[PDB]
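Below sits a lone chain in structure tokens, taken as the form deposited in one PDB entry.
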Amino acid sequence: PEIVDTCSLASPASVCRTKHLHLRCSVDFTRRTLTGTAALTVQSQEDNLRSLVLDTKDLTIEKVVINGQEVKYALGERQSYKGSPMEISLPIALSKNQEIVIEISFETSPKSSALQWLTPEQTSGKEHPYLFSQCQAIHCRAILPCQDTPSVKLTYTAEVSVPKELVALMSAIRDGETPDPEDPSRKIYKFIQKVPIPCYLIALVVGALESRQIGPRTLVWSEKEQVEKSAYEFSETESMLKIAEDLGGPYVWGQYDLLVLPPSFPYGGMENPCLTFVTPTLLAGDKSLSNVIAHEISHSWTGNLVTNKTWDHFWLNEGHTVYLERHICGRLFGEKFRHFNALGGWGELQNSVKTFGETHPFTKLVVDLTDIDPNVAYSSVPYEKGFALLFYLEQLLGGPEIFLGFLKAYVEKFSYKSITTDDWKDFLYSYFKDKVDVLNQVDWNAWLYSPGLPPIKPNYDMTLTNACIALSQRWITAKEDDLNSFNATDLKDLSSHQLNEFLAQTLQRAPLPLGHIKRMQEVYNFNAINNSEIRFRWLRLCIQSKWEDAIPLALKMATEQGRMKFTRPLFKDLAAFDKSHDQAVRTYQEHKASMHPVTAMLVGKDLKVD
């Protein structure tokens, strides 16, 4: 079983493995460059190893030092989104298992796809700049030379010099701070990550950060203006951690902190070890969007302990995590809620499959990313089709109690390892040996390798979903003279979640007549709702139903925050509506330079500009 990572240009794990990274760098806001040395302790896996290749992307290399002497290295031609391979000539051939340290002096480009540099005006405080990284999937190579593949796991230590007024934090345990001996206007923050991790989990943030403790092993960090709101919004964090520990085994990372980033953070959450990054769009005021914390917490087992070997097997990370996530919510709020969320996930899968096309390669559970930018293939498929498969197996094999026994042994079995779908499947068969008959009823080829919706849809309790569907159907089948019958009391017994699902169901049948949409605003006043998931769906419904009043509202939401999940579909809907098309494009052209590099690239592609 020889498997290569087609998204990486580095020497594979079968040739050599990075065991540790000692990073020493300075964050230069005036130049928007990170400069320093990356000392990689590498272990040869081959006899007579004389060179090796690392991934790099828009990096400027000053020199490479081994045994205190500069050595030869060469940068190959850039290969689009993969960057440029860096081949290093070892000064002395290595035997199998020999380890050496390679010190690389480098500097990042202001354009690094792993970073977003924000001016003071783009922050809450308005006085200090801010920097944040986002390495998943393959952007770590845009910060430092490395074997940018999740098939290799390393520990790391780091020293980061930053303006003394600011604070640095990383996906690691804080290991002290001191004034920078080479520059008194700076402070050096130190970090240590003793647990081997794939490099996509390396993370850094530098800004005017403050903290507040919200649990025995949790601090929430953000700019001062957001601290109080965040402490409240995420107060269930420790109870979610305890439940996750009960599902996957002991939490091995020490601390579990949360960092609430500026509005341009591209995801709802990112499971960086010891410090989960989250979007400020989660600050609904009622803790209603907390499934995102449950999800990132779950990656502490599925994703960070047991890791997908290559991005072709991404579903292993997300599928199991969404499955654990819904179990935490099920324990906190009831089995019927778990089913409600499961069913909602299926609807999101329908949307993705419909958007790409039912035969499209990106709708396969296991995808082949050779020549495909992972940012482009990213969708809800690995999450929901992966979740649907596990939920299907759960029902097939005897229920949640039994399948949760499998998930815990799976984590235990593959801790600190990087695996493929076959490893997963092999273990599933081993664990459920007394039920191979049942496992053999599964159409494996269709589930794992065929595009479109899964061959089978799991059974779902519909208790909580029914009222959402009923109301959605009343609006869709209503004619003009039925509009008067709608009234605020329709929403009387719906939770924010059900309100959201009601909108999701209606959005699947959009457009609705303009008159229906105006009436909906008249009786439900959806424009007043600040919950970002609800606002997102409501505005999409308004724009697709061609209500010009919603144009400025949609443009505003699309630009004041940058969570891709919201910004991309909003710009896309605005561009597809002829009345807002020109302004959408113009708005994008205008904000482009100040957006997240990756998000700007994807929106540009979606709008067919550039």
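For clarity, a rigid core is taken as the largest C-alpha set superposing within 1.5 Å between two forms. Just count from 1 along the sequence shown to find any residue number.
From this point on, the text means the form deposited in another entry, which you will not see here.
- Fit the rigid core and compare the CA positions between this form and the one not shown: of 507, 209, 162, 367, just 507 moves by 2 angstroms or more.
- In the core-superposed comparison between this form and the one not shown, residue 539 has its Cα shifted by at least 2 Å.
- Core-superposed comparison between this form and the one not shown: the CA of residue 574 exceeds or equals a 2 Å shift.
- Core-aligned CA deviation for residue 549 between this form and the one not shown: 2 Å or greater.
- In summary, the C-alpha positions of residue 454 and residue 507 diverge in that other deposited form, ending up at least 3 angstroms farther from each other than in this conformation.
- A change of 3 Å or more separates the two forms for residue 591 and residue 124: their C-alpha atoms lie closer together in that other deposited form.
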